[PDB]
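The file my_file.tsv comes next; it holds TSV, C-alpha atoms.
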chain	number	residue	atom	x	y	z
A	3	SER	CA	89.89	90.29	105.60
A	4	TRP	CA	91.17	90.72	109.15
A	5	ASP	CA	90.12	89.84	112.70
A	6	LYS	CA	87.18	91.75	114.15
A	7	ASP	CA	88.19	90.90	117.73
A	8	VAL	CA	91.78	92.16	117.79
A	9	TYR	CA	90.70	95.15	115.63
A	10	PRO	CA	87.31	96.12	117.08
A	11	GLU	CA	84.87	98.56	115.53
A	12	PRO	CA	81.59	99.76	117.10
A	13	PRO	CA	78.34	99.06	115.22
A	14	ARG	CA	77.56	101.58	112.49
A	15	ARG	CA	74.31	103.57	112.50
A	16	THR	CA	73.71	105.53	109.28
A	17	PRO	CA	70.58	107.73	109.37
A	18	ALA	CA	68.19	107.39	106.46
A	19	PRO	CA	68.10	110.15	103.81
A	20	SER	CA	64.97	112.25	104.42
A	21	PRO	CA	65.25	115.28	102.12
A	22	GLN	CA	63.09	118.36	102.62
A	23	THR	CA	63.56	120.38	99.42
A	24	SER	CA	62.71	119.34	95.86
A	25	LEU	CA	66.15	120.16	94.43
A	26	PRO	CA	67.99	116.95	93.42
A	27	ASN	CA	71.37	116.71	95.12
A	28	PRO	CA	74.17	115.92	92.64
A	29	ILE	CA	75.71	113.41	95.07
A	30	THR	CA	73.12	110.73	94.26
A	31	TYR	CA	73.60	111.21	90.50
A	32	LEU	CA	77.39	111.06	90.79
A	33	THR	CA	77.06	107.98	93.01
A	34	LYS	CA	74.96	106.31	90.31
A	35	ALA	CA	77.54	107.31	87.68
A	36	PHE	CA	80.35	105.92	89.85
A	37	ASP	CA	78.45	102.67	90.41
A	38	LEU	CA	77.80	102.25	86.69
A	39	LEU	CA	81.01	103.44	85.03
A	40	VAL	CA	83.62	102.52	87.66
A	41	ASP	CA	82.40	99.91	90.15
A	42	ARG	CA	81.16	97.32	87.64
A	43	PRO	CA	84.34	97.09	85.46
A	44	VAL	CA	86.59	96.93	88.53
A	45	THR	CA	84.36	94.23	90.04
A	46	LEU	CA	84.39	92.24	86.78
A	47	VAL	CA	88.19	92.44	86.48
A	48	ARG	CA	88.66	91.40	90.12
A	49	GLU	CA	86.22	88.51	89.64
A	50	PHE	CA	88.22	87.34	86.61
A	51	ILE	CA	91.45	87.62	88.63
A	52	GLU	CA	89.94	85.62	91.50
A	53	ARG	CA	88.71	82.99	89.03
A	54	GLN	CA	92.26	82.68	87.70
A	55	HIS	CA	93.48	82.42	91.30
A	56	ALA	CA	91.05	79.60	92.11
A	57	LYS	CA	92.69	77.20	89.63
A	58	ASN	CA	96.07	77.27	91.42
A	59	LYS	CA	95.76	77.47	95.22
A	60	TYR	CA	98.82	77.19	97.45
A	61	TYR	CA	99.28	77.95	101.13
A	62	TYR	CA	101.79	79.82	103.26
A	63	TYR	CA	102.03	79.17	106.99
A	64	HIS	CA	102.72	81.16	110.13
A	65	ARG	CA	106.01	80.05	111.67
A	66	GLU	CA	105.61	78.48	115.11
A	67	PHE	CA	108.35	78.88	117.72
A	68	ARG	CA	108.47	76.41	120.59
A	69	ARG	CA	109.50	77.59	124.04
A	70	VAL	CA	113.17	77.37	125.05
A	71	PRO	CA	114.54	77.99	128.58
A	72	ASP	CA	115.01	81.68	129.32
A	73	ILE	CA	118.02	83.50	130.78
A	74	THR	CA	117.08	82.78	134.41
A	75	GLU	CA	118.02	79.10	133.99
A	76	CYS	CA	121.28	79.68	132.09
A	77	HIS	CA	124.63	79.15	133.77
A	78	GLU	CA	127.19	81.94	133.86
A	79	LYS	CA	129.30	82.24	130.68
A	80	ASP	CA	127.68	79.20	129.03
A	81	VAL	CA	126.95	80.42	125.51
A	82	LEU	CA	124.92	77.42	124.31
A	83	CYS	CA	121.91	78.38	126.48
A	84	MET	CA	122.19	82.17	126.84
A	85	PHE	CA	122.27	82.28	123.03
A	86	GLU	CA	118.82	80.68	122.71
A	87	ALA	CA	117.51	82.75	125.63
A	88	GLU	CA	118.78	85.93	123.93
A	89	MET	CA	117.08	85.14	120.62
A	90	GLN	CA	113.82	84.23	122.37
A	91	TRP	CA	114.01	87.54	124.24
A	92	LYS	CA	114.57	89.40	120.96
A	93	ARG	CA	111.52	87.73	119.40
A	94	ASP	CA	109.44	88.61	122.47
A	95	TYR	CA	110.75	92.20	122.24
A	96	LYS	CA	109.53	92.51	118.65
A	97	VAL	CA	106.16	90.95	119.55
A	98	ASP	CA	105.75	93.42	122.43
A	99	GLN	CA	106.60	96.34	120.13
A	100	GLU	CA	103.93	95.25	117.66
A	101	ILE	CA	101.44	94.83	120.52
A	102	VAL	CA	102.02	98.46	121.52
A	103	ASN	CA	101.64	99.44	117.84
A	104	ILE	CA	98.27	97.63	117.72
A	105	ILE	CA	97.08	99.49	120.83
A	106	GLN	CA	98.24	102.80	119.31
A	107	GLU	CA	96.28	101.98	116.14
A	108	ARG	CA	93.21	101.27	118.28
A	109	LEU	CA	93.55	104.61	120.09
A	110	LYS	CA	94.00	106.64	116.89
A	111	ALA	CA	91.10	104.85	115.17
A	112	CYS	CA	88.81	105.52	118.15
A	113	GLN	CA	89.82	109.20	118.28
A	114	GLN	CA	89.17	109.71	114.59
A	115	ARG	CA	85.96	107.65	114.50
A	116	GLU	CA	84.16	109.21	117.46
A	117	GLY	CA	84.48	112.75	116.09
A	118	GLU	CA	84.08	115.84	118.26
A	119	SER	CA	82.93	113.73	121.24
A	120	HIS	CA	86.18	111.74	121.29
A	121	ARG	CA	87.09	112.83	124.83
A	122	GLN	CA	84.25	110.85	126.44
A	123	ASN	CA	83.63	107.96	124.05
A	124	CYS	CA	87.20	106.56	124.01
A	125	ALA	CA	88.14	106.29	127.68
A	126	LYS	CA	88.74	102.53	127.53
A	127	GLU	CA	91.19	102.79	124.63
A	128	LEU	CA	93.09	105.54	126.44
A	129	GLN	CA	93.30	103.49	129.64
A	130	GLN	CA	94.49	100.41	127.73
A	131	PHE	CA	97.10	102.56	125.98
A	132	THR	CA	98.26	103.94	129.34
A	133	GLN	CA	98.51	100.45	130.85
A	134	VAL	CA	100.44	98.98	127.92
A	135	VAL	CA	102.75	102.02	127.79
A	136	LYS	CA	103.46	101.68	131.52
A	137	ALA	CA	104.22	97.97	131.04
A	138	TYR	CA	106.50	98.65	128.05
A	139	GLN	CA	108.36	101.42	129.90
A	140	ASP	CA	108.83	99.25	132.99
A	141	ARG	CA	109.97	96.31	130.87
A	142	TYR	CA	112.20	97.69	128.09
A	143	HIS	CA	112.99	101.39	128.57
A	144	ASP	CA	116.44	102.80	129.44
A	145	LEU	CA	118.24	99.59	128.44
A	146	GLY	CA	120.54	101.32	125.95
A	147	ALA	CA	121.51	100.76	122.34
A	148	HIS	CA	123.38	97.57	123.34
A	149	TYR	CA	120.39	95.94	125.04
A	150	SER	CA	120.39	92.26	125.94
A	151	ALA	CA	118.53	89.82	128.18
A	152	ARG	CA	121.05	90.33	131.00
A	153	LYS	CA	120.48	94.09	131.07
A	154	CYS	CA	116.71	93.57	131.25
A	155	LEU	CA	117.17	91.02	134.04
A	156	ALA	CA	119.37	93.46	135.97
A	157	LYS	CA	116.80	96.24	135.53
A	158	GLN	CA	114.04	93.92	136.75
A	159	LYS	CA	116.13	92.87	139.76
A	160	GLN	CA	116.73	96.52	140.65
A	161	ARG	CA	112.98	97.17	140.31
A	162	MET	CA	112.00	94.33	142.66
A	163	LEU	CA	114.72	95.34	145.14
A	164	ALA	CA	113.36	98.90	145.20
A	165	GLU	CA	109.80	97.59	145.56
A	166	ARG	CA	110.83	95.33	148.46
A	167	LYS	CA	112.61	98.26	150.15
A	168	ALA	CA	109.55	100.49	149.70
A	169	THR	CA	107.11	97.90	151.04
A	170	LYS	CA	109.44	97.18	153.98
A	171	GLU	CA	109.66	100.88	154.90
A	172	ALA	CA	105.84	101.15	154.83
A	173	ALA	CA	105.31	98.19	157.18
B	1	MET	CA	160.06	77.76	127.20
B	2	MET	CA	160.27	74.16	125.98
B	3	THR	CA	164.09	74.22	125.88
B	4	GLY	CA	164.44	71.54	128.55
B	5	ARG	CA	161.95	69.50	126.53
B	6	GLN	CA	164.51	69.79	123.73
B	7	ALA	CA	167.32	68.85	126.13
B	8	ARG	CA	167.52	65.04	126.06
B	9	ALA	CA	167.18	64.76	122.26
B	10	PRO	CA	168.39	68.00	120.64
B	11	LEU	CA	168.84	68.99	116.98
B	12	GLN	CA	165.90	66.88	115.83
B	13	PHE	CA	163.58	68.35	113.20
B	14	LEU	CA	160.87	65.73	113.80
B	15	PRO	CA	161.22	63.24	116.69
B	16	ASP	CA	159.65	59.80	117.00
B	17	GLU	CA	156.54	61.30	118.62
B	18	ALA	CA	155.87	63.45	115.54
B	19	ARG	CA	154.93	60.40	113.45
B	20	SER	CA	151.83	59.55	115.51
B	21	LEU	CA	150.19	62.79	114.30
B	22	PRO	CA	148.24	62.96	111.02
B	23	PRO	CA	150.35	64.48	108.25
B	24	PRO	CA	148.98	67.55	106.45
B	25	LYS	CA	147.14	66.92	103.22
B	26	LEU	CA	148.65	67.84	99.87
B	27	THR	CA	145.60	70.08	99.32
B	28	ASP	CA	146.30	72.14	102.43
B	29	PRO	CA	145.45	75.85	101.96
B	30	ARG	CA	148.74	76.89	103.58
B	31	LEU	CA	150.66	74.65	101.16
B	32	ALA	CA	148.78	76.25	98.26
B	33	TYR	CA	149.68	79.70	99.61
B	34	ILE	CA	153.36	78.73	99.82
B	35	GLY	CA	153.15	77.46	96.24
B	36	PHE	CA	151.68	80.84	95.30
B	37	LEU	CA	154.64	82.47	97.07
B	38	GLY	CA	156.93	80.39	94.88
B	39	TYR	CA	155.01	81.46	91.78
B	40	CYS	CA	155.36	85.11	92.83
B	41	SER	CA	159.10	84.55	93.32
B	42	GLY	CA	159.34	83.11	89.81
B	43	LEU	CA	157.46	86.11	88.42
B	44	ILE	CA	159.80	88.54	90.21
B	45	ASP	CA	162.85	86.60	88.99
B	46	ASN	CA	161.60	86.91	85.42
B	47	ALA	CA	160.74	90.59	85.93
B	48	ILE	CA	164.02	91.85	87.42
B	49	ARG	CA	166.11	90.38	84.57
B	50	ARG	CA	164.07	91.97	81.72
B	51	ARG	CA	162.46	88.69	80.66
B	52	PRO	CA	158.82	88.11	79.63
B	53	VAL	CA	157.33	87.38	83.02
B	54	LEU	CA	154.62	84.93	81.91
B	55	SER	CA	156.54	83.00	79.27
B	56	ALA	CA	160.28	82.92	79.97
B	57	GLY	CA	161.61	79.94	81.91
B	58	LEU	CA	158.69	77.66	82.75
B	59	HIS	CA	161.11	75.12	84.22
B	60	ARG	CA	162.46	77.82	86.54
B	61	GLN	CA	158.98	78.63	87.84
B	62	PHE	CA	158.22	74.92	88.23
B	63	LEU	CA	161.37	74.37	90.30
B	64	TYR	CA	160.54	77.50	92.34
B	65	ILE	CA	157.07	76.29	93.29
B	66	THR	CA	158.31	72.72	93.84
B	67	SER	CA	161.05	73.76	96.28
B	68	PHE	CA	158.63	76.13	98.03
B	69	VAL	CA	156.04	73.36	98.44
B	70	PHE	CA	158.72	70.96	99.76
B	71	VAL	CA	160.08	73.33	102.41
B	72	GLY	CA	156.61	74.57	103.36
B	73	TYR	CA	155.31	71.02	103.83
B	74	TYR	CA	158.15	70.12	106.18
B	75	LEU	CA	157.77	73.38	108.13
B	76	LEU	CA	154.02	72.78	108.49
B	77	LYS	CA	154.73	69.27	109.80
B	78	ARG	CA	157.07	70.73	112.43
B	79	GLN	CA	154.54	73.44	113.36
B	80	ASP	CA	151.76	70.88	113.87
B	81	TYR	CA	154.10	68.75	116.00
B	82	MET	CA	155.05	71.72	118.19
B	83	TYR	CA	151.43	72.76	118.75
B	84	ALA	CA	150.53	69.17	119.67
B	85	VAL	CA	153.43	69.20	122.15
B	86	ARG	CA	152.14	72.46	123.68
B	87	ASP	CA	148.61	71.10	124.11
B	88	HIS	CA	149.83	67.77	125.51
B	89	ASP	CA	152.11	69.45	128.06
B	90	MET	CA	149.35	71.84	129.15
B	91	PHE	CA	146.83	69.02	129.64
B	92	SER	CA	149.40	66.90	131.49
B	93	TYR	CA	150.18	69.76	133.88
B	94	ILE	CA	146.46	70.43	134.42
B	95	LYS	CA	145.88	66.75	135.23
B	96	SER	CA	148.98	66.52	137.45
B	97	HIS	CA	148.04	69.45	139.74
B	98	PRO	CA	144.31	69.37	140.58
B	99	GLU	CA	144.64	71.66	143.62
B	100	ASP	CA	146.10	74.50	141.54
B	101	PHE	CA	143.15	74.35	139.09
B	102	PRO	CA	140.04	73.90	141.23
B	103	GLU	CA	136.63	73.72	139.64
B	104	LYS	CA	134.30	76.69	140.10
B	105	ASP	CA	130.53	76.62	140.46
B	106	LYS	CA	128.31	77.71	137.57
B	107	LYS	CA	125.71	79.95	139.19
B	108	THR	CA	122.58	80.56	137.14
B	109	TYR	CA	121.49	84.09	136.35
B	110	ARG	CA	118.52	83.78	138.72
B	111	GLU	CA	121.01	83.78	141.63
B	112	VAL	CA	123.85	86.05	140.51
B	113	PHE	CA	123.43	89.82	140.87
B	114	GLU	CA	124.31	92.33	138.15
B	115	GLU	CA	124.17	96.09	138.64
B	116	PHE	CA	122.01	97.95	136.14
B	117	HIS	CA	123.24	101.26	134.72
B	118	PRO	CA	120.48	103.12	132.84
B	119	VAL	CA	121.13	104.91	129.57
B	120	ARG	CA	119.09	108.12	129.52

Just dump the structure as structure tokens.
Amino acid sequence: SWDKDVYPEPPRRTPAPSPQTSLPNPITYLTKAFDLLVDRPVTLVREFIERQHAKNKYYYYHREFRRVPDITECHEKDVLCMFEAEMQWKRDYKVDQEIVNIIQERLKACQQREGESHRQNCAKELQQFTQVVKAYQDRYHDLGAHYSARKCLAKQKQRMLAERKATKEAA
Amino acid sequence: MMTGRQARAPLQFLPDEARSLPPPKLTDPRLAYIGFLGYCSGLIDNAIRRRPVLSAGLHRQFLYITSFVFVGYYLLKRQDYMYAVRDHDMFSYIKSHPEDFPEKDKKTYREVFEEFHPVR
């Protein structure tokens, strides 16, 4: 199972079979054959496997990371704090990458699910993809292969300086 | 360098200040490496005189590694003493002249400015 909220799916509406001709379609017969010959043995084997699982149950946990001070409250050339800030920034970088991957999965799933009318029915997914791509590009792009927290901070400082200059020239 | 330091009491291998330092252990890795140097010397001495290199003259190899360990231990004692002297003199000069070594502020990265050069 997964989470229906972070991986949404619109409600399904299957129309009822209302045949017109008297010829029996082979799809129903092959579906019955698949349900008899294939589905029941696989279900029985999986039920036996789950019964064997239920005797010995053990848990694995999601690792929780507490918050450490970031690079903006680290002194210059003091490794014992910029180290922790750097690793926290790397973990946040990976989390952001997987967030963009989740949004890409949402967009592709919407495009394939909605069929030939995908241009109108998936505007929200496209706008969320555009917003998250703009945020990712403004946050992490053009850092280089040797990226660090200091390079991202310098890029952000340049961005706010340019924004302040632009809003000063317009007022 | 420290020649004037070796001016009042010259030609001393280990002065009276060298005894306040902890002596190196007998299981020092450098001492083991010098013993291995002595073993290699014994092997070469057996080899260059057409002797069986792993059997001939075990007493010779034992004296080789023993003399090597002896000289290496004393040289390591002198090296540790000299490095302690260097550190002590440096710290004494730093303490003696506070105006020549003034403390500098540690500005956080929220205040300092770094230029960003994009890679593209």

query = Taking only C-alpha atoms into account, which residues of chain B are within 12 Å of chain A, as a ChimeraX atom specification?
reply = /B:104-120

key: Polymer residues at most 9 Å from residue 130 in chain A, only C-alpha atoms, same-chain spacing of 5 or more positions, as a ChimeraX atom specification   = /A:105,109,125,135

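Note that CA of residue 133 in chain A and CA of residue 101 in chain A are 12.1 Å apart.
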
inquiry  = So, with only C-alpha atoms as the atoms that count, which of B:9, B:69, B:63, B:47 lies closest to residue 25 in chain B?
reply    = B:69

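From CA of residue 38 in chain B back to CA of residue 71 in chain B, the distance works out to 10.8 Å.
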